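Here you get one chain, nothing else, as structure tokens; it is the form solved without the DNA.
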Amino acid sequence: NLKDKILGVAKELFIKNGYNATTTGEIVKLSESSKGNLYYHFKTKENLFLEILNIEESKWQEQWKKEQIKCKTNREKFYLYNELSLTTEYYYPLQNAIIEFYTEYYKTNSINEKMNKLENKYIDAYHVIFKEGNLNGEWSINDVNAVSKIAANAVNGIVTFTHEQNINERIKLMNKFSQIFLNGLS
């Protein structure tokens, strides 16, 4: 594909290097396509990137729907979502590239904008889990949005800043966390 092989080499470059480490010269070299092509659906580098973020956030949110049935209760969905977070091939592997990118465009205006419709997909998962959990007496949480946001970020932290120690310790810690967290809501 054309408008898609671009996004493909893109996602990869952004992961295998950094947000800046990969420049348009590169995309149009490994994806092969006149600089112009990169101008339709992608009105900028921050578009090509803020684009992939949406795909990714989606591919994951979907993989999660197709894997969350293994969780009978929400207290179980909480643990599961967090544990899966550690192993997907989606979204979470671009957290570094995002940190970077948000430190080099957070000045522009449309930065804190797209980072809204996207931030809502991101904390959705927890939102559903914590809300559906009040309807299920599992716990009682007045400020759901707060907690979703907290949990989403805490988790992303555990996932991102420990991506160096053996996968089994990572999942071990993440569970102790999910454990401590939920025990804090009741």
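A residue's number is simply how far along the shown sequence it sits, counting from 1.
Here the stretch with the larger average CA B-factor, out of 97-105 and 79-87, is 97-105.
Per-stretch averaging of Cα B factors for 123-131 and 148-156 places 123-131 on top. Among the modelled residues of its chain, residue 140 has a C-alpha B-factor that falls in the middle third according to the deposited record. Sorting the modelled residues of the chain by their CA temperature factor places residue 49 in the middle third. For residue 65, the recorded CA temperature factor ranks within the middle third of the chain's modelled residues. Residue-level temperature factors show residue 7 in the highest third of its chain, judged at the C-alpha atom. In the deposited entry, the Cα temperature factor of residue 174 places it in the lowest third of its chain's modelled residues.
What follows is about the form solved in complex with the DNA, which we do not show.
Among 45, 121, 149, 131, the residue placing a heavy atom within 4.5 Å of the DNA in the bound PDB entry is 45. A single residue from the set 58, 145, 33, 160 has any heavy atom within 4.5 angstroms of the DNA in the bound PDB entry; that residue is 33. Residue 127 falls outside the set of residues with a heavy atom inside 4.5 Å of the DNA in the bound PDB entry. With a 4.5 Å cutoff on heavy atoms, residue 37 counts as touching the DNA in the bound PDB entry. Proximity of residue 22 to the DNA in the bound PDB entry falls within the 4.5 Å heavy atom cutoff. Taking non-hydrogen atoms only, residue 180 never approaches the DNA to within 4.5 angstroms in the bound PDB entry. In short, of 62-70, 25-33, 151-159, 135-143 it is 25-33 that has heavy atoms within 4.5 Å of the DNA in the bound PDB entry.
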